[PDB]
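Engineer: This is the structure I have questions about; it appears just below.
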Amino acid sequence: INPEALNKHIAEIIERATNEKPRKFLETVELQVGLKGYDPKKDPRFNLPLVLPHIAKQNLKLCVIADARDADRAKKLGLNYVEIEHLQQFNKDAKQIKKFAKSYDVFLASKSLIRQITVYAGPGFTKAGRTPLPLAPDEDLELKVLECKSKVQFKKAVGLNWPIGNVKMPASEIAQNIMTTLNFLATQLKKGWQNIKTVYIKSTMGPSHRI
RNA sequence: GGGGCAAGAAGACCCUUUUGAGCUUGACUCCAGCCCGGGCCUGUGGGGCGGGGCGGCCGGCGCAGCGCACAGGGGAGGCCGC
């Protein structure tokens, strides 16, 4: 509606399945604000670290397939590459292009499998909306996957949990109280700040209540 | 008193003038006057009745399902008594 229409901030974030004390695994917070999706990086504002370097958030599956390049980077793990290249039928017909899982934070697709890369293995490789960054057949990826895990864009709000200040804090230690999480997004850029309801919430180990 | 076309008097008769005046109308172009609406002057109320801001209340089967997962969902933890 308008840039400061959500004048009241996230304020209390401790209120989900709080019950006896810990709603989630602990007093960890998955309560957050979801986005409209009008912009991917401008309106929502990709953020600088939300707090001190934290965890990959949802802890997505470790099954990235992009490219081997140098084997030692992650050969045993399979994190460097999963062998879906024997299934080379994917470009002609994408029968199992994303059938395994879309859970991984990044469905990395490199130039190794670029033969099979169109839209099924190209943009939209993971039907679930997130962002991959495969480096090159010439140089190793794996080491660099900084802008997607751990520091998560406001675009991945509807489909992911978010630590916007933990349940542990009495009252509020986010917004004005902690500016690491709230800073760049004073307002949603051109978009009116208000999106859906008071907050999306999008909780994990809790009800993802929409108000 | 026959004439001096005797004198009046820059003919009002009939024209002409890109000369007028009084009058008329249903000429052209308009103006006072009046009627008619909307504002302002110009407050304090009661309403009807919609709107209208708040302002509760509830939603919700391709369901393949553990089950009207509305979608958006999501974790494997807590506190329905999972």
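In the structure tokens, chains take letters A, B, ... by order of appearance, with residues numbered from 1 within each chain and ligands from 1 in the order shown.
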Any idea what's packed within 8 Å of range 171-181 of chain A, counting only C-alpha atoms (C1' of nucleotides), ignoring anything in its chain fewer than 2 positions away? Could you give it as an mmCIF file with N, CA and C atoms, in the first residue's frame?
Structural biologist:
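This is the output file result.cif:
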data_model
loop_
_atom_site.group_PDB
_atom_site.id
_atom_site.type_symbol
_atom_site.label_atom_id
_atom_site.label_comp_id
_atom_site.auth_asym_id
_atom_site.auth_seq_id
_atom_site.Cartn_x
_atom_site.Cartn_y
_atom_site.Cartn_z
ATOM 1 N N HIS A 9 6.533 -2.614 13.530
ATOM 2 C CA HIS A 9 7.508 -3.537 12.901
ATOM 3 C C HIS A 9 7.139 -4.990 13.182
ATOM 4 N N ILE A 10 8.108 -5.890 13.028
ATOM 5 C CA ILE A 10 7.845 -7.318 13.363
ATOM 6 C C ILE A 10 7.519 -7.375 14.856
ATOM 7 N N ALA A 11 8.084 -6.454 15.645
ATOM 8 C CA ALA A 11 7.822 -6.388 17.104
ATOM 9 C C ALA A 11 7.908 -7.787 17.714
ATOM 10 N N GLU A 12 6.859 -8.240 18.398
ATOM 11 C CA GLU A 12 7.006 -9.553 19.068
ATOM 12 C C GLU A 12 7.134 -10.623 17.990
ATOM 13 N N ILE A 13 8.163 -11.456 18.093
ATOM 14 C CA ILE A 13 8.416 -12.523 17.087
ATOM 15 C C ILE A 13 8.361 -13.827 17.865
ATOM 16 N N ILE A 14 8.278 -13.722 19.188
ATOM 17 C CA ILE A 14 8.288 -14.910 20.087
ATOM 18 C C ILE A 14 6.949 -15.646 20.036
ATOM 19 N N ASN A 47 19.544 -9.220 1.512
ATOM 20 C CA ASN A 47 20.078 -8.606 2.752
ATOM 21 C C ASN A 47 21.545 -8.910 3.042
ATOM 22 N N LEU A 48 22.195 -8.041 3.822
ATOM 23 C CA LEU A 48 23.561 -8.310 4.339
ATOM 24 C C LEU A 48 23.318 -9.311 5.464
ATOM 25 N N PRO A 49 24.302 -9.967 6.139
ATOM 26 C CA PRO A 49 23.942 -10.953 7.170
ATOM 27 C C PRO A 49 22.843 -10.507 8.141
ATOM 28 N N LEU A 50 21.817 -11.346 8.292
ATOM 29 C CA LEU A 50 20.676 -11.046 9.188
ATOM 30 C C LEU A 50 21.175 -10.916 10.628
ATOM 31 N N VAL A 51 22.152 -11.717 11.034
ATOM 32 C CA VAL A 51 22.742 -11.613 12.403
ATOM 33 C C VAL A 51 24.234 -11.924 12.257
ATOM 34 N N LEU A 52 24.913 -12.335 13.331
ATOM 35 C CA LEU A 52 26.329 -12.775 13.194
ATOM 36 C C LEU A 52 26.305 -14.004 12.273
ATOM 37 N N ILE A 164 14.208 -14.222 12.391
ATOM 38 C CA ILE A 164 14.119 -12.739 12.513
ATOM 39 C C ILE A 164 14.051 -12.411 14.006
ATOM 40 N N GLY A 165 15.107 -12.766 14.736
ATOM 41 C CA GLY A 165 15.229 -12.537 16.188
ATOM 42 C C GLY A 165 14.570 -13.707 16.887
ATOM 43 N N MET A 169 14.412 -13.927 23.205
ATOM 44 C CA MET A 169 14.416 -12.528 23.691
ATOM 45 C C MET A 169 13.076 -12.178 24.367
ATOM 46 N N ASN A 183 17.552 -3.376 8.160
ATOM 47 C CA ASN A 183 18.466 -2.248 7.841
ATOM 48 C C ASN A 183 18.212 -1.801 6.408
#
Engineer: Extract, using only C-alpha atoms (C1' of nucleotides), all DNA, RNA and protein residues at most 9 Å from residue 83 in chain A, discarding same-chain residues fewer than 4 positions from it, and format them as a list in words.
Structural biologist: residues 65, 78 and 87 of chain A
Engineer: For N, CA and C atoms, I'd like the residues from the last selection saved as a JSON list (two decimals), in the first residue's frame.
Structural biologist:
[["chain", "number", "residue", "atom", "x", "y", "z"],
["A", 65, "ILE", "N", 24.32, -31.16, -7.74],
["A", 65, "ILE", "CA", 24.87, -32.02, -8.84],
["A", 65, "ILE", "C", 25.79, -31.27, -9.83],
["A", 78, "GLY", "N", 29.61, -36.21, -2.77],
["A", 78, "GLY", "CA", 28.67, -36.19, -3.90],
["A", 78, "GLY", "C", 28.07, -34.80, -3.97],
["A", 87, "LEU", "N", 21.86, -40.61, -16.96],
["A", 87, "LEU", "CA", 20.52, -40.28, -17.50],
["A", 87, "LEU", "C", 20.70, -39.09, -18.45]]
Engineer: Go through A:108, A:2, A:76, A:116 and flag the residue nearest residue 93 in chain A, using only C-alpha atoms for the distances.
Structural biologist: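 Of A:108, A:2, A:76, A:116, the one nearest residue 93 in chain A is A:116, counting only C-alpha atoms.
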Engineer: Please determine the contact residues of chain A with respect to chain B at a cut-off of 10 Å, counting only C-alpha atoms (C1' of nucleotides), and supply them as JSON, numbers by chain.
Structural biologist: {"A": [17, 19, 20, 21, 22, 23, 24, 25, 26, 34, 58, 158, 159, 160, 161, 200, 202, 203, 204, 205, 206, 207, 208, 209, 210]}
Engineer: Just to confirm, what's the straight-line distance from CA of residue 166 in chain A to CA of residue 37 in chain A in Å (one decimal)?
Structural biologist: 25.2 Å
Engineer: To test your reading of the structure, identify every residue in chain A that backbone DSSP assigns to helix (DSSP H, G or I), and report it as a ChimeraX atom specification.
Structural biologist: /A:71-73,88-90,114-116
Engineer: Those residues with C-alpha atoms, as a CSV table (one decimal), in the first residue's frame please?
Structural biologist:
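Heads up, here's the output in out.csv:
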chain,number,residue,atom,x,y,z
A,71,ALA,CA,37.4,-34.3,-7.7
A,72,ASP,CA,38.9,-33.5,-4.2
A,73,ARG,CA,36.6,-30.5,-3.5
A,88,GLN,CA,21.6,-38.2,-20.6
A,89,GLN,CA,18.0,-38.5,-21.9
A,90,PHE,CA,17.2,-35.3,-19.9
A,114,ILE,CA,24.7,-27.7,-20.3
A,115,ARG,CA,23.8,-30.1,-23.1
A,116,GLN,CA,20.6,-31.0,-21.0
